[PDB]
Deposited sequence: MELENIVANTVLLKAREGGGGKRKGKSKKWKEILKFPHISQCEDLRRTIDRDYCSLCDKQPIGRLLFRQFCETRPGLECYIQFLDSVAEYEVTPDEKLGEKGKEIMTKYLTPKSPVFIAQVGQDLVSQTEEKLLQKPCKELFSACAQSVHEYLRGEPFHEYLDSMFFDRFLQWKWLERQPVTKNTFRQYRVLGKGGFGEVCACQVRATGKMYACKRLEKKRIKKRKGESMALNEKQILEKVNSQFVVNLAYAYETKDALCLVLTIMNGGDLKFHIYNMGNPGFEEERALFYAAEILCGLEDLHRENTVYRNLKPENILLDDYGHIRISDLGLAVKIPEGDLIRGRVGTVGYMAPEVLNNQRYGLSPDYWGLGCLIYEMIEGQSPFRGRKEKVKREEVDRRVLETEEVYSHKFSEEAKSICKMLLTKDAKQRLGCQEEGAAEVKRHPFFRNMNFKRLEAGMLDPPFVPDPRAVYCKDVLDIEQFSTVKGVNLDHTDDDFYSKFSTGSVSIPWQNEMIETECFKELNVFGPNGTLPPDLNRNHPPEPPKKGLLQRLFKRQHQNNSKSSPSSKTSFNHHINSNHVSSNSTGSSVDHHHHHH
């Protein structure tokens, strides 16, 4: 769905145009060879040229496959990796691992197969690439090509960069549309924030807060921010598109009054991962409700509606009675200094409501006032049914602990405490986070489930494209493969040769 002249829009600039990028970018290994997708691919492509570095890339790949290998096939994958990479005579043999650490891997294999077997060897392969191989790549043509990709990334994002279609949406500040990137054709979701409604409502702080939080988090289970630009009539937020309806619709309208045990476990697992990724940024969500868990095209879920979120400084608490009736934790209802605990309360509400088919403190039939719901949350102990297994009951009443100090996941450990819970005894999060596991429900594709002031913050908001989502977009749409073309037989293409502009 790309424009007819898309190859001109994303045309590489001459390497001479990237001299100010070269002098400011930080030469960090993890950022330029891993975190950034296009940067990662280029370093890998650099290691593919030199033959001595080829095996190290093949090795790390086979390690990634082992971490997600089914628990049973771990023993088989362990011997395959050994006989190929960790045997001196073999052709592709990583040497910088050391003769001692390979003998250690042999004992680990003999004492049962653990998913973290080669974790020690992988960290040894990286520590080697961080040195000479990385600095050679920094001088190689591939890094020059990376600079050209950064030059495109940081280009101005305006209205003419997209192709607004029409879809559902009408939030507190505006509406939502289906914007498509013209040069790449990738579908997105545009969240228009009208200009006038923000100034009179003193929303500049909550809109900028929502934008910064949306870009500062990159998780497969939370709506990501790809672009943030301004137009002559509103402020746009380009977010991930979710065409599989929301979770509230599927709990009640779709399926039976609820979900099955196992089905709810899957959605609970990905929500738990989404919260973990937010909590690595010490950012609390506080708005965990069924209709804010959207499904994508393949059946997976993402947490959306991060406007009610806030970033908590490490080692500090925040106060605020905000949220939705029935989904507010007692410490929030009482308006106390809380941290991340309200999100694990809401998680209990989500697990309960998916398995039973109603809120833990508000029946689906009950016409109760907003005060009685708050009373149950603070005083009443929820009851369970034969729909909950013994483990399902546990994780709920542990996540629904009135005292936030003893609530599951609200300890020093964090989300790791919840993944161990016997309720997730059969969930392989190593495989869930890699998309290896299949969702339980697949949405059918065809289914349709002024003034001079304030100009200061308008530029603080309209920051342009986001780095990692933009590089992913180029890879998914296959713009990277088609454009990332060098000269024949390892030769500098015209755009990477300085002798002729």
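Please list, in sequence order, every stretch of the deposited sequence that lacks C-alpha coordinates.
Deposited residues absent from the model fall in 1 to 24, 474 to 490, 543 to 598.
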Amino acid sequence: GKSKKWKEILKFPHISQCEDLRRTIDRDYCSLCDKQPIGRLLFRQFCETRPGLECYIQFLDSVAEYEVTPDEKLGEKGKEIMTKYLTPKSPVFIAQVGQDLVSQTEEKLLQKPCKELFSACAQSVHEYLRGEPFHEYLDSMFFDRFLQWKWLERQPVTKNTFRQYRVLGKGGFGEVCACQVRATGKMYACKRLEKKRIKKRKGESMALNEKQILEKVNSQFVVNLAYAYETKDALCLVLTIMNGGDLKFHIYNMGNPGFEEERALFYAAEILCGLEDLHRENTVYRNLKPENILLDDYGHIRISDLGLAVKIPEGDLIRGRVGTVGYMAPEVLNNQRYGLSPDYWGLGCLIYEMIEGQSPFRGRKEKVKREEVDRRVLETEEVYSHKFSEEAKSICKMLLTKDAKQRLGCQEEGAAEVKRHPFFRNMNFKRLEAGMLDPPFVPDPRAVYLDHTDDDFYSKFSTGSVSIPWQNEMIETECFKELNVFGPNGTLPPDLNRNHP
From here on, numbers count along this sequence of modelled residues.
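Throughout, rigid core stands for the largest set of C-alpha atoms superposing within 1.5 Å between the two forms.
Find the stretch among 331 to 339 and 249 to 257 with the larger RMS C-alpha deviation in 7 other deposited structures of this protein, all structures being superposed on the shown form by the rigid core.
Comparing 249 to 257 with 331 to 339, the one that moves more in 7 other deposited structures of this protein is 249 to 257.
Stretch 105 to 113 versus stretch 400 to 408: after rigid core alignment, which one is farther off in C-alpha RMS in 7 other deposited structures of this protein?
With the rigid core superposed, the C-alphas that lie farther in 7 other deposited structures of this protein are those of 105 to 113.
If you average the Cα B factors in the entry, which is higher, 333 to 341 or 264 to 272?
Of 333 to 341 and 264 to 272, the stretch with the higher C-alpha B-factor average is 333 to 341.
Would you determine, from the values in the PDB entry, which of 434 to 442 and 59 to 67 has the greater average C-alpha temperature factor?
The stretch with the larger mean CA B-factor is 59 to 67.
Between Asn218, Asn426, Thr283, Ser119, where does the Cα B-factor run highest in the record?
The record points to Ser119.
Just to confirm, going by the entry's C-alpha B-factors, which of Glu476, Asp456, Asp34, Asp28 comes out highest?
Checking the PDB record, the top C-alpha B-factor among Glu476, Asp456, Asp34, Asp28 is at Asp456.
Against its chain's modelled residues, does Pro113's Cα B factor rank lowest, middle or highest third?
CA B-factor rank for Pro113: highest third.
Taking the chain's C-alpha temperature factors as the reference, tell me which third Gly307 falls into: lowest, middle or highest.
Middle third by C-alpha B-factor.
Would the CA B-factor of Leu21 place it in the lowest, middle or highest third of its chain?
Ranked within chain, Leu21 CA B lands in the lowest tercile.
Can you work out whether the C-alpha temperature factor of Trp470 puts it in the lowest, middle or highest third of the chain?
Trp470: CA B-factor falls in the lowest third of its chain.
Compare the C-alpha B factor of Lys200 with those of the other modelled residues in its chain, then answer lowest, middle or highest third.
Its C-alpha B-factor belongs to the highest third of this chain's values.
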